[PDB]
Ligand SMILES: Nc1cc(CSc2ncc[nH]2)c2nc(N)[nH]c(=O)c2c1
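First comes one chain, alone, set out as structure tokens in the form deposited without this ligand.
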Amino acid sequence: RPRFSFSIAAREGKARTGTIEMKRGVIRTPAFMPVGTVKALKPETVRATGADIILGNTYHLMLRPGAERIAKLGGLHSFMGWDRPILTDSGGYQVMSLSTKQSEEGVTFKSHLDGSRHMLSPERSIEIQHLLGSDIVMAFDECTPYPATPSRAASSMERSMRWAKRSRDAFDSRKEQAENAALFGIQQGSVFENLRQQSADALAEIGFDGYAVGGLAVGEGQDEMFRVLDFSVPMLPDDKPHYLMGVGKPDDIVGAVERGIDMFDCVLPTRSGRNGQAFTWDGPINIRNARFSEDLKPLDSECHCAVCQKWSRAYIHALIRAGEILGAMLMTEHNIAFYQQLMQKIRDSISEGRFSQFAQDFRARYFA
């Protein structure tokens, strides 16, 4: 297989379906990436749900067990037992939310677990992702809060573009990484169309294997997110994958695909699983609710996952109520499987030129 090849097989409006070919496997797009361990699931179970690629959280791995240790033990794929592609984030987002002194060189921060001091820069982020053995590497950027003034959004976007060039050069300096992995750049600019355009222009001049739309899902609400995607995604190179970071709910995903997004990740299906929220085609349910205590139906009436084949709502209700590990295992398997089934229906409907109708039918039932 090639290092990286994105092929578009079918289109409907702004929506696309296709494949990314990488050395460790093929990724069907639009794709949902479960976030990693993928909590409460063995890798074989994650694969059985249909996932082609998972996301590794760089910030957590660099604190424990550490990037150098993972490299010494053979890299992240070997360590956790997932042999398909892994996308790693840059680590910078969780620094600004979980761990600080920022500068043009990077950020220094104290670990939220031990108070130990750490450093992240474009160069060190790319190095850590190399040590983990990531297949898709994210450029290191600077986050813009919401809301942001135009001056603040411009300053952070401009720094992010300088850091994108440093990320590109760091990635390219490392022969093994340049030859075997891919590098994605991140568009910034908050809700401002001129800043998004300047960011897209800068990233395309540098050149990346794919382009993320950054700075969304930070509190702006779905209407505003869709409005920004409306003008932002067409600014990115059409022939490369478009990645919406940190999104999201099923209806967010459908609307984002309608606007040209190809890749998604979020902790929602996993985090919601342990919390009691199960996704169904008729909307989410909270399995902890007393109304499910004697409900013999599966979590979802149509879902093909192994949980819905075997166990009832009533049983999963009792497990989650009791705080049993198996309740988290089953809820998470179902939720990840539901997301993969959603992505499959999206890919099929685009391939068949009926995605617009699918999106209408999905929303009508999901919000009935």
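Sequential numbering from 1, following the sequence displayed.
The stretch of deposited sequence separating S99 from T100 contains 1 to 3 residues lacking coordinates in this entry.
Counting the unmodelled positions of the deposited sequence between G36 and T37 gives a small gap of 1 to 3 residues.
Across the two stretches, 321 to 329 and 336 to 344, the PDB entry reports the greater mean Cα temperature factor for 321 to 329. Higher mean CA temperature factor between 200 to 208 and 88 to 96: 88 to 96, per the PDB entry. Across the options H130, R117, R168, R162, the residue with the most elevated CA B-factor in the record is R117. Reading the B-factor column for the CA atoms of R288, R124, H242, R271 in the entry, the top value corresponds to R271. When all modelled residues of the chain are sorted by CA temperature factor, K42 is found within the middle third.
Ranked within its chain, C308 lands in the middle third, by CA B factor from the PDB record. Residue-level temperature factors show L299 in the middle third of its chain, judged at the C-alpha atom.
When the modelled residues of the chain are ordered by C-alpha B-factor, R28 sits in the lowest third. Ranked against the other modelled residues of its chain, the C-alpha B-factor of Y366 as given in the entry falls in the highest third.
Unshown form solved in complex with this ligand; subsequent notes refer to it.
With respect to this ligand in the bound PDB entry, the three residues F6, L183 and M263 uniformly fall beyond 4.5 angstroms at the level of their nearest heavy atom.
Between the options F208, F171, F292, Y243, the residue in contact with this ligand in the bound PDB entry by a heavy atom within 4.5 angstroms is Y243. Only one of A204, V191, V254, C143 comes within 4.5 Å of this ligand in the bound PDB entry through a heavy atom, and that residue is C143.
Between 208 to 216, 228 to 236, 175 to 183, 283 to 291, the stretch whose residues reach within 4.5 angstroms of this ligand in the bound PDB entry through a non-hydrogen atom is 208 to 216. None of the heavy atoms of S134 is located within 4.5 Å of this ligand in the bound PDB entry. This ligand in the bound PDB entry is approached by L55, whose closest heavy atom lies within 4.5 angstroms of it. This ligand in the bound PDB entry is not approached by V26, whose heavy atoms all lie more than 4.5 angstroms from it.
A residue is said to contact a partner when one of its heavy atoms sits within 4.5 Å of a partner heavy atom; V35 meets this definition for this ligand in the bound PDB entry. Although this ligand is not shown here, in the bound PDB entry the stretch 56 to 93 places heavy atoms of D89, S90, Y93 within 4.5 Å of it, in sequence order.
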